[PDB]
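Heads up, the thing below is written out as structure tokens.
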There are 2 protein chains.
Amino acid sequence: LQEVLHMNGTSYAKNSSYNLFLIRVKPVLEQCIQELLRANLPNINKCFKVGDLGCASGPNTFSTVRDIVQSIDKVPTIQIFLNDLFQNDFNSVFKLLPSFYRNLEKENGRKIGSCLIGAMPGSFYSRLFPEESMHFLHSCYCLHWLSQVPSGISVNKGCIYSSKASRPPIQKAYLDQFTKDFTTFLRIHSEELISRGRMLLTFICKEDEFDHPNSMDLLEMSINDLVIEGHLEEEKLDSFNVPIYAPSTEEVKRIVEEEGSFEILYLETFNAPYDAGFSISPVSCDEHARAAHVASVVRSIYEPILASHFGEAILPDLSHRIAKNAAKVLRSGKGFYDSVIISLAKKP
Amino acid sequence: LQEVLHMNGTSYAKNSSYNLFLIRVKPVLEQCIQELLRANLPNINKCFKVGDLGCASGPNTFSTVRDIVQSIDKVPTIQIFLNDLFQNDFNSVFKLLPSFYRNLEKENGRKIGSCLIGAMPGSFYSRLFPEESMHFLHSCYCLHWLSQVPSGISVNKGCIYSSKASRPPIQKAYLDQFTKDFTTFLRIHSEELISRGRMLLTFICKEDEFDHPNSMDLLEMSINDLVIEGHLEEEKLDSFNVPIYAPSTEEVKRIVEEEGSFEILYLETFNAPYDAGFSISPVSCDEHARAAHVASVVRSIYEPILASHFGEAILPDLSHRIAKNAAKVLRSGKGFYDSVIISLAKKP
Ligand SMILES: Nc1ncnc2c1ncn2[C@@H]1O[C@H](CSCC[C@H](N)C(=O)O)[C@@H](O)[C@H]1O
Ligand SMILES: Nc1ncnc2c1ncn2[C@@H]1O[C@H](CSCC[C@H](N)C(=O)O)[C@@H](O)[C@H]1O
Ligand SMILES: Cn1cnc2c1c(=O)[nH]c(=O)n2C
Ligand SMILES: Cn1cnc2c1c(=O)[nH]c(=O)n2C
């Protein structure tokens, strides 16, 4: 998937929003960075070296950089490495850099050349940076993507991942894959961090106490509609497996403590409404448009993988079922994407 | 030009060749890198940090990385930053990285993750890297490009740059621009280098003793043909000025010594035949094809700037005149691109 997985190049950019997860991350990001400067890590007041792991493209890429930069300058050279898979749309980010830099100088006074933005492409499940070279690593909404479909060909009937309705051997196969992946992530990136360096990670979580469908759940139920309706053969659904896990906070916690590289400074979950990134009639129109927006966001996350497995002909039917499902969920008051945020410091 | 200048995205890749300049650079590159390891710069045996300034795209980008990597490993983590202007075709380099990395491991044994290739886009006339962070900076065939058209609207009649036929106020305007630009280059990048760090630079030079037309000279004479022939109004030629200088070695030497940041370790010129990158009938066919190749290479360097000034309609006529001119030059035995190579060490 290293050379297959990426967000939609409509686009992830057009459908993304600061208002979904990044605004919840921001205060925690801010506190993390301020604590780092106060900790006086070697060279941090000369050059603050930061990586954004799974930056994608679009406004969110720039919004995350802005948040970092403003956090650092809140009342040092900044070297930012943007990381994503080798077929991410880097060219478009780089073309927006000249205006980004000017706007940075008009906004903050940050002289041009004092914030140095480059890219380091590759999988965050492999080494990206020299040993003990980085102060801070940030990733938002990436770590639920696995390095591969769980290494357990086997039939996950009526399901596309370890959903609540999936059988326990599937659930165990997906957990074991996440464990491998996340342990590797932690082992590798701890080595890249300067002593007492930090990571701030935000990704999908599963909460036993709630019952809120995540984007994969909305997708799964919508593919199911289509087989029931007759539009898709049951074999297409039975063969489709997404390389994505939704962990519990206890699972996240056990993995980190097992790895041993990091102390947990902060660990919380939060629930983001589906349409938090949506802006504005009767009211059936209002809710139609909100549901249609949700479906666009969900299509923008999964289209590459959906097109390779199913072909392009079912995607408009799929978008239609996702919207219908989205609206029913929001009406029941369970229309939230559940997310965990965890702040880690490298142990001496 | 920071946001306008770039090589042709036919393409610079298809028309480029290791055999033109890089094979001449290679032995000097090799000696430079070996001397660096022996000098024991801080951290160099942990992580060797290298920048390629004006990497472009195509085989040459990868050939330069390969040469660096093989030089380092000749009987350490390697972090390579590829730099070019913000609208360079980075996406295509990154997409070739997965196979590059595998081929690196099949060739050398270089484990994956021990050579870390990223990008730092921007003008090399501004800061690219944190202070005292780099061991070695390499640039081949870039530094003759100026930051702007010489800051001397004024009419350069019948000429496109400071050619031998250009009047002395033009020559002085172009030299003064190169002086500003190259001095800035040196001041800025010296600051980025770790103590006793080095630069290896290769670019076009002008030699009083020879009389060999460079690619701009071939272009200039070919645009002149077209005005004489009637295909182009003299005003189009009189208004066209390329942001490019061809310095003498004495001019290069004076600038470096004036700047004061660098000691010169090595300084030589070499003359590269026009068709050194060309592979294979009577013989008028052979020489036709060799001349046509030269014209393609010349079009691939200048098409973006030619299209913006002249429009697209004259380019096939232009390619035809460049080939005719190329063949006459080669036949006289003066068909060489004259180049200088200079090795610099940061003074204590
Ligand atoms: N192993 C991996 N290495 C690098 N990037 C990965 C990855 N697995 C998933 N991703 C990236 O994770 C991103 C998820 S979308 C999140 C993007 C950004 N952090 C934001 O807030 O909008 C995608 O761009 C995808 O390509
Ligand atoms: N100010 C500048 N900053 C960064 N790159 C520049 C530049 N001025 C010119 N260049 C780059 O110089 C390159 C010249 S072609 C040389 C490319 C490569 N070194 C090789 O051996 O093939 C172009 O890609 C162009 O975009
Ligand atoms: C709702 N939403 C918004 N962005 C995302 C999601 C998601 O569910 N998974 C996911 O991977 N990403 C990037
Ligand atoms: C002959 N040749 C091959 N490559 C180049 C040239 C040149 O003349 N200028 C120039 O800038 N570049 C990149």
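By convention here, the chains of the structure tokens are called A, B, ... in the order presented, each chain's residues are numbered starting at 1, and ligands are numbered starting at 1 in the order presented.
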
Restrict the distance test to only C-alpha atoms, flag each residue of chain B within 10 Å of chain A, and return the flagged residues as a VMD selection string.
chain B and resid 2 to 3 46 to 49 76 to 83 85 to 98 112 to 122 126 to 131 133

Report as a PDB file with N, CA, C and O atoms, in the first residue's frame all protein, DNA and RNA residues lying within 6 Å of range 259-263 of chain B, evaluated on only C-alpha atoms, omitting residues in the same chain fewer than 4 positions from it.
ATOM      1  N   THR B 183      28.223  36.142  -4.819  1.00  0.00           N
ATOM      2  CA  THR B 183      28.624  36.571  -3.487  1.00  0.00           C
ATOM      3  C   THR B 183      27.561  36.161  -2.445  1.00  0.00           C
ATOM      4  O   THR B 183      27.909  35.677  -1.362  1.00  0.00           O
ATOM      5  N   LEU B 344      35.456  24.211  -2.903  1.00  0.00           N
ATOM      6  CA  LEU B 344      35.579  25.201  -1.840  1.00  0.00           C
ATOM      7  C   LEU B 344      35.483  24.574  -0.458  1.00  0.00           C
ATOM      8  O   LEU B 344      34.608  23.763  -0.236  1.00  0.00           O
ATOM      9  N   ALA B 345      36.373  24.958   0.456  1.00  0.00           N
ATOM     10  CA  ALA B 345      36.270  24.606   1.875  1.00  0.00           C
ATOM     11  C   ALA B 345      35.994  25.840   2.732  1.00  0.00           C
ATOM     12  O   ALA B 345      36.650  26.876   2.553  1.00  0.00           O
ATOM     13  N   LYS B 346      35.059  25.713   3.674  1.00  0.00           N
ATOM     14  CA  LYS B 346      34.743  26.772   4.655  1.00  0.00           C
ATOM     15  C   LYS B 346      35.934  27.073   5.574  1.00  0.00           C
ATOM     16  O   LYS B 346      36.458  26.169   6.239  1.00  0.00           O
ATOM     17  N   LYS B 347      36.361  28.335   5.593  1.00  0.00           N
ATOM     18  CA  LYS B 347      37.519  28.762   6.399  1.00  0.00           C
ATOM     19  C   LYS B 347      37.176  28.710   7.885  1.00  0.00           C
ATOM     20  O   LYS B 347      36.022  28.962   8.263  1.00  0.00           O
TER      21      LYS B 347
END

Per residue of chain A within 7 Å of ligand 1, note the shortest atom pair and the distance in Å to one decimal, counting only C-alpha atoms and all ligand atoms, and order the rows by chain and increasing residue number, as JSON lines.
{"residue": "A:2", "atom": "CA", "partner": "ligand 1", "partner_atom_place_in_ligand_line": "1 (N)", "distance": 6.3}
{"residue": "A:5", "atom": "CA", "partner": "ligand 1", "partner_atom_place_in_ligand_line": "26 (O)", "distance": 5.6}
{"residue": "A:6", "atom": "CA", "partner": "ligand 1", "partner_atom_place_in_ligand_line": "26 (O)", "distance": 3.8}
{"residue": "A:7", "atom": "CA", "partner": "ligand 1", "partner_atom_place_in_ligand_line": "24 (O)", "distance": 5.1}
{"residue": "A:16", "atom": "CA", "partner": "ligand 1", "partner_atom_place_in_ligand_line": "22 (O)", "distance": 6.6}
{"residue": "A:22", "atom": "CA", "partner": "ligand 1", "partner_atom_place_in_ligand_line": "21 (O)", "distance": 6.5}
{"residue": "A:53", "atom": "CA", "partner": "ligand 1", "partner_atom_place_in_ligand_line": "4 (C)", "distance": 6.1}
{"residue": "A:54", "atom": "CA", "partner": "ligand 1", "partner_atom_place_in_ligand_line": "5 (N)", "distance": 3.9}
{"residue": "A:55", "atom": "CA", "partner": "ligand 1", "partner_atom_place_in_ligand_line": "19 (N)", "distance": 4.4}
{"residue": "A:56", "atom": "CA", "partner": "ligand 1", "partner_atom_place_in_ligand_line": "24 (O)", "distance": 3.5}
{"residue": "A:57", "atom": "CA", "partner": "ligand 1", "partner_atom_place_in_ligand_line": "24 (O)", "distance": 6.9}
{"residue": "A:60", "atom": "CA", "partner": "ligand 1", "partner_atom_place_in_ligand_line": "22 (O)", "distance": 4.9}
{"residue": "A:61", "atom": "CA", "partner": "ligand 1", "partner_atom_place_in_ligand_line": "18 (C)", "distance": 6.2}
{"residue": "A:83", "atom": "CA", "partner": "ligand 1", "partner_atom_place_in_ligand_line": "4 (C)", "distance": 6.2}
{"residue": "A:84", "atom": "CA", "partner": "ligand 1", "partner_atom_place_in_ligand_line": "5 (N)", "distance": 4.0}
{"residue": "A:85", "atom": "CA", "partner": "ligand 1", "partner_atom_place_in_ligand_line": "4 (C)", "distance": 4.7}
{"residue": "A:88", "atom": "CA", "partner": "ligand 1", "partner_atom_place_in_ligand_line": "26 (O)", "distance": 6.5}
{"residue": "A:122", "atom": "CA", "partner": "ligand 1", "partner_atom_place_in_ligand_line": "4 (C)", "distance": 5.9}
{"residue": "A:123", "atom": "CA", "partner": "ligand 1", "partner_atom_place_in_ligand_line": "3 (N)", "distance": 3.4}
{"residue": "A:124", "atom": "CA", "partner": "ligand 1", "partner_atom_place_in_ligand_line": "3 (N)", "distance": 4.0}
{"residue": "A:125", "atom": "CA", "partner": "ligand 1", "partner_atom_place_in_ligand_line": "1 (N)", "distance": 5.4}
{"residue": "A:139", "atom": "CA", "partner": "ligand 1", "partner_atom_place_in_ligand_line": "19 (N)", "distance": 5.7}
{"residue": "A:140", "atom": "CA", "partner": "ligand 1", "partner_atom_place_in_ligand_line": "19 (N)", "distance": 4.2}
{"residue": "A:141", "atom": "CA", "partner": "ligand 1", "partner_atom_place_in_ligand_line": "16 (C)", "distance": 4.7}
{"residue": "A:142", "atom": "CA", "partner": "ligand 1", "partner_atom_place_in_ligand_line": "12 (O)", "distance": 4.0}
{"residue": "A:143", "atom": "CA", "partner": "ligand 1", "partner_atom_place_in_ligand_line": "8 (N)", "distance": 6.6}
{"residue": "A:145", "atom": "CA", "partner": "ligand 1", "partner_atom_place_in_ligand_line": "8 (N)", "distance": 5.0}
{"residue": "A:146", "atom": "CA", "partner": "ligand 1", "partner_atom_place_in_ligand_line": "8 (N)", "distance": 6.7}
{"residue": "A:147", "atom": "CA", "partner": "ligand 1", "partner_atom_place_in_ligand_line": "1 (N)", "distance": 5.8}

Counting only C-alpha atoms and all ligand atoms, name the residues that have an atom within 7 Å of an atom of ligand 4; the answer should be given as a PDB file with C-alpha atoms, in the first residue's frame.
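Okay, selection_27.pdb is ready:
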ATOM      1  CA  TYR B 141      25.248  23.461 -14.222  1.00  0.00           C
ATOM      2  CA  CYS B 142      23.057  25.866 -12.308  1.00  0.00           C
ATOM      3  CA  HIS B 144      25.256  30.548 -14.441  1.00  0.00           C
ATOM      4  CA  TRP B 145      21.490  31.180 -14.021  1.00  0.00           C
ATOM      5  CA  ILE B 204      29.387  27.469 -17.691  1.00  0.00           C
ATOM      6  CA  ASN B 214      27.946  27.961 -25.457  1.00  0.00           C
ATOM      7  CA  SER B 215      24.213  27.018 -25.609  1.00  0.00           C
ATOM      8  CA  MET B 216      23.124  30.687 -25.222  1.00  0.00           C
ATOM      9  CA  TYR B 274      28.176  19.275 -27.790  1.00  0.00           C
ATOM     10  CA  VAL B 297      19.172  19.709 -25.767  1.00  0.00           C
ATOM     11  CA  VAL B 298      19.271  23.503 -26.372  1.00  0.00           C
ATOM     12  CA  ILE B 301      17.067  24.252 -21.536  1.00  0.00           C
ATOM     13  CA  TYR B 337      30.555  23.708 -23.926  1.00  0.00           C
TER      14      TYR B 337
END

I need the residues of range 30-131 of chain A that end up classed as strand (DSSP E or B) by DSSP on the backbone, written out as a ChimeraX atom specification.
/A:47-53,77-83,115-119

Since we have the selection now, will you write its residues out, keeping N, CA, C and O atoms, as a PDB file, in the first residue's frame?
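Listed below is the output, again-v7.pdb:
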ATOM      1  N   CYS A  47      17.782  25.844  16.293  1.00  0.00           N
ATOM      2  CA  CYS A  47      16.899  25.283  15.272  1.00  0.00           C
ATOM      3  C   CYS A  47      15.945  24.230  15.835  1.00  0.00           C
ATOM      4  O   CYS A  47      16.379  23.177  16.313  1.00  0.00           O
ATOM      5  N   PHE A  48      14.651  24.524  15.739  1.00  0.00           N
ATOM      6  CA  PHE A  48      13.561  23.639  16.181  1.00  0.00           C
ATOM      7  C   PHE A  48      13.199  22.717  15.017  1.00  0.00           C
ATOM      8  O   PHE A  48      12.635  23.157  14.030  1.00  0.00           O
ATOM      9  N   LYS A  49      13.579  21.440  15.109  1.00  0.00           N
ATOM     10  CA  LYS A  49      13.340  20.496  13.998  1.00  0.00           C
ATOM     11  C   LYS A  49      12.086  19.673  14.222  1.00  0.00           C
ATOM     12  O   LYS A  49      11.970  19.012  15.270  1.00  0.00           O
ATOM     13  N   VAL A  50      11.144  19.732  13.252  1.00  0.00           N
ATOM     14  CA  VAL A  50       9.809  19.174  13.389  1.00  0.00           C
ATOM     15  C   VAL A  50       9.450  18.377  12.127  1.00  0.00           C
ATOM     16  O   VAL A  50       9.790  18.798  11.029  1.00  0.00           O
ATOM     17  N   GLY A  51       8.791  17.229  12.308  1.00  0.00           N
ATOM     18  CA  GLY A  51       8.258  16.408  11.208  1.00  0.00           C
ATOM     19  C   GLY A  51       6.739  16.304  11.301  1.00  0.00           C
ATOM     20  O   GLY A  51       6.195  16.121  12.398  1.00  0.00           O
ATOM     21  N   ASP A  52       6.038  16.447  10.171  1.00  0.00           N
ATOM     22  CA  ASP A  52       4.586  16.157  10.114  1.00  0.00           C
ATOM     23  C   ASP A  52       4.399  14.877   9.301  1.00  0.00           C
ATOM     24  O   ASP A  52       4.729  14.834   8.132  1.00  0.00           O
ATOM     25  N   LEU A  53       3.952  13.821   9.981  1.00  0.00           N
ATOM     26  CA  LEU A  53       3.998  12.466   9.457  1.00  0.00           C
ATOM     27  C   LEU A  53       2.595  12.145   8.985  1.00  0.00           C
ATOM     28  O   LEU A  53       1.690  11.951   9.818  1.00  0.00           O
ATOM     29  N   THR A  77      15.311  29.226  14.337  1.00  0.00           N
ATOM     30  CA  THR A  77      14.981  28.747  12.994  1.00  0.00           C
ATOM     31  C   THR A  77      14.041  27.562  13.138  1.00  0.00           C
ATOM     32  O   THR A  77      14.149  26.804  14.100  1.00  0.00           O
ATOM     33  N   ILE A  78      13.108  27.412  12.194  1.00  0.00           N
ATOM     34  CA  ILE A  78      12.221  26.282  12.189  1.00  0.00           C
ATOM     35  C   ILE A  78      12.489  25.442  10.928  1.00  0.00           C
ATOM     36  O   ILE A  78      12.403  25.953   9.807  1.00  0.00           O
ATOM     37  N   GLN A  79      12.820  24.168  11.116  1.00  0.00           N
ATOM     38  CA  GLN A  79      12.988  23.274   9.987  1.00  0.00           C
ATOM     39  C   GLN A  79      11.899  22.199  10.018  1.00  0.00           C
ATOM     40  O   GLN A  79      11.881  21.341  10.905  1.00  0.00           O
ATOM     41  N   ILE A  80      10.987  22.277   9.055  1.00  0.00           N
ATOM     42  CA  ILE A  80       9.833  21.378   8.972  1.00  0.00           C
ATOM     43  C   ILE A  80      10.001  20.367   7.834  1.00  0.00           C
ATOM     44  O   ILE A  80      10.251  20.734   6.693  1.00  0.00           O
ATOM     45  N   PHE A  81       9.876  19.094   8.161  1.00  0.00           N
ATOM     46  CA  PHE A  81       9.874  18.038   7.154  1.00  0.00           C
ATOM     47  C   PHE A  81       8.465  17.498   7.004  1.00  0.00           C
ATOM     48  O   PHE A  81       7.899  16.936   7.941  1.00  0.00           O
ATOM     49  N   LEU A  82       7.892  17.675   5.824  1.00  0.00           N
ATOM     50  CA  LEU A  82       6.571  17.128   5.529  1.00  0.00           C
ATOM     51  C   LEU A  82       6.730  15.707   4.999  1.00  0.00           C
ATOM     52  O   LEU A  82       7.470  15.473   4.018  1.00  0.00           O
ATOM     53  N   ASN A  83       6.074  14.746   5.644  1.00  0.00           N
ATOM     54  CA  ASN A  83       6.215  13.363   5.215  1.00  0.00           C
ATOM     55  C   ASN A  83       4.878  12.830   4.768  1.00  0.00           C
ATOM     56  O   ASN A  83       3.846  13.021   5.435  1.00  0.00           O
ATOM     57  N   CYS A 115      11.926  29.988   8.497  1.00  0.00           N
ATOM     58  CA  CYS A 115      11.082  28.808   8.496  1.00  0.00           C
ATOM     59  C   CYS A 115      11.356  28.055   7.192  1.00  0.00           C
ATOM     60  O   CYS A 115      11.033  28.540   6.101  1.00  0.00           O
ATOM     61  N   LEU A 116      11.949  26.874   7.323  1.00  0.00           N
ATOM     62  CA  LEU A 116      12.469  26.106   6.194  1.00  0.00           C
ATOM     63  C   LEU A 116      11.612  24.856   6.011  1.00  0.00           C
ATOM     64  O   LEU A 116      11.683  23.938   6.825  1.00  0.00           O
ATOM     65  N   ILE A 117      10.787  24.835   4.960  1.00  0.00           N
ATOM     66  CA  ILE A 117       9.868  23.730   4.744  1.00  0.00           C
ATOM     67  C   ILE A 117      10.341  22.823   3.613  1.00  0.00           C
ATOM     68  O   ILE A 117      10.462  23.246   2.465  1.00  0.00           O
ATOM     69  N   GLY A 118      10.672  21.579   3.965  1.00  0.00           N
ATOM     70  CA  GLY A 118      10.989  20.585   2.949  1.00  0.00           C
ATOM     71  C   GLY A 118      10.141  19.339   3.083  1.00  0.00           C
ATOM     72  O   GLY A 118       9.154  19.307   3.816  1.00  0.00           O
ATOM     73  N   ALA A 119      10.526  18.301   2.373  1.00  0.00           N
ATOM     74  CA  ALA A 119       9.746  17.070   2.386  1.00  0.00           C
ATOM     75  C   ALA A 119      10.652  15.869   2.500  1.00  0.00           C
ATOM     76  O   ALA A 119      11.756  15.856   1.948  1.00  0.00           O
TER      77      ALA A 119
END

So, with only C-alpha atoms and all ligand atoms as the atoms that count, which of A:311, A:304, A:348, A:273 lies closest to ligand 3?
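Residue with the minimum atom-to-atom distance to ligand 3: A:273.
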
Mind pulling up the distance from CA of residue 20 in chain B to CA of residue 208 in chain B?
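A separation of 21.9 Å between them.
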
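For range 148-160 of chain B, the set of protein, DNA and RNA residues having any atom at most 8 Å away, when counting only C-alpha atoms and skipping those fewer than 6 positions along the same chain, is residues 1, 166, 167, 170, 173, 174, 176, 177, 216, 220, 224, 234, 237, 238, 239, 240, 241, 242, 243 and 244 of chain B.
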
Excluding residue 10 in chain B and any residue of its chain fewer than 3 positions from it, enumerate the residues within 8 Å of it, using only C-alpha atoms, and give them as a PyMOL selection string.
chain B and resi 14-15+296+299-300

Since we have the selection now, will you write its residues out, keeping N, CA, C and O atoms, as an mmCIF file, in the first residue's frame?
data_model
loop_
_atom_site.group_PDB
_atom_site.id
_atom_site.type_symbol
_atom_site.label_atom_id
_atom_site.label_comp_id
_atom_site.auth_asym_id
_atom_site.auth_seq_id
_atom_site.Cartn_x
_atom_site.Cartn_y
_atom_site.Cartn_z
ATOM 1 N N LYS B 14 14.650 13.421 -20.935
ATOM 2 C CA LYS B 14 14.940 12.568 -22.091
ATOM 3 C C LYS B 14 16.234 12.959 -22.829
ATOM 4 O O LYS B 14 16.911 12.091 -23.404
ATOM 5 N N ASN B 15 16.574 14.249 -22.796
ATOM 6 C CA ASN B 15 17.719 14.796 -23.549
ATOM 7 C C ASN B 15 19.031 14.952 -22.756
ATOM 8 O O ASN B 15 20.103 15.159 -23.358
ATOM 9 N N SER B 296 17.797 19.730 -29.795
ATOM 10 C CA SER B 296 16.859 19.258 -28.757
ATOM 11 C C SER B 296 17.325 19.599 -27.350
ATOM 12 O O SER B 296 16.526 20.026 -26.520
ATOM 13 N N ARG B 299 16.881 23.366 -26.974
ATOM 14 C CA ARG B 299 15.459 23.677 -26.782
ATOM 15 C C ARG B 299 14.982 23.269 -25.375
ATOM 16 O O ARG B 299 14.159 23.980 -24.746
ATOM 17 N N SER B 300 15.497 22.148 -24.863
ATOM 18 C CA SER B 300 15.043 21.665 -23.550
ATOM 19 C C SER B 300 15.466 22.557 -22.368
ATOM 20 O O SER B 300 14.801 22.546 -21.341
#

Identify, with DSSP run on backbone atoms, the residues in range 164-270 of chain A assigned to alpha helix (DSSP H), and express the list as a PyMOL selection string.
chain A and resi 168-192+215-229+234-239+249-259

Residues near residue 21 in chain B, cut-off 9 Å, only C-alpha atoms, skip fewer than 4 positions along chain, as a PyMOL selection string
chain B and resi 17+25-26+140-141+202+272+276+339

Take the residues from that selection and put them in a file with N, CA and C atoms, as a CSV table (one decimal), in the first residue's frame.
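Result file out.csv:
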chain,number,residue,atom,x,y,z
B,17,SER,N,22.2,13.9,-20.1
B,17,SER,CA,23.2,12.8,-20.2
B,17,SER,C,24.3,12.9,-19.2
B,25,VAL,N,32.8,15.7,-13.6
B,25,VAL,CA,32.6,16.0,-12.2
B,25,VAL,C,33.0,14.8,-11.2
B,26,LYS,N,32.5,13.7,-11.6
B,26,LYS,CA,32.7,12.4,-10.8
B,26,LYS,C,34.0,12.2,-10.1
B,140,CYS,N,25.6,21.2,-10.1
B,140,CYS,CA,26.2,21.1,-11.4
B,140,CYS,C,25.3,21.8,-12.5
B,141,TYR,N,25.9,22.8,-13.1
B,141,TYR,CA,25.2,23.5,-14.2
B,141,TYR,C,24.0,24.3,-13.9
B,202,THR,N,29.9,23.3,-10.4
B,202,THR,CA,30.3,23.2,-11.9
B,202,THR,C,29.3,24.1,-12.6
B,272,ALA,N,33.5,20.4,-22.9
B,272,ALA,CA,32.7,19.2,-23.2
B,272,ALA,C,32.1,19.3,-24.6
B,276,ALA,N,28.4,14.8,-26.7
B,276,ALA,CA,28.9,13.8,-25.8
B,276,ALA,C,27.9,12.8,-25.2
B,339,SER,N,33.3,24.7,-19.4
B,339,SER,CA,32.8,24.6,-18.0
B,339,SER,C,33.9,24.8,-17.0

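Proximity of B:278, B:203, B:310, B:336 to ligand 2, computed with only C-alpha atoms and all ligand atoms, is greatest for B:203.
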
One-decimal distance in Å that lies between CA of residue 329 in chain A and CA of residue 212 in chain A:
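Between CA of residue 212 in chain A and CA of residue 329 in chain A the gap works out to 8.3 Å.
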
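Neighbouring residues of residue 197 in chain B at 8 Å or closer, counting only C-alpha atoms and skipping chain neighbours under 2 positions away, are residues 36, 41, 134, 135, 136, 193, 194, 195, 199, 345 and 346 of chain B.
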
So what do you get for CA of residue 200 in chain B versus CA of residue 275 in chain B, distance-wise?
24.4 Å
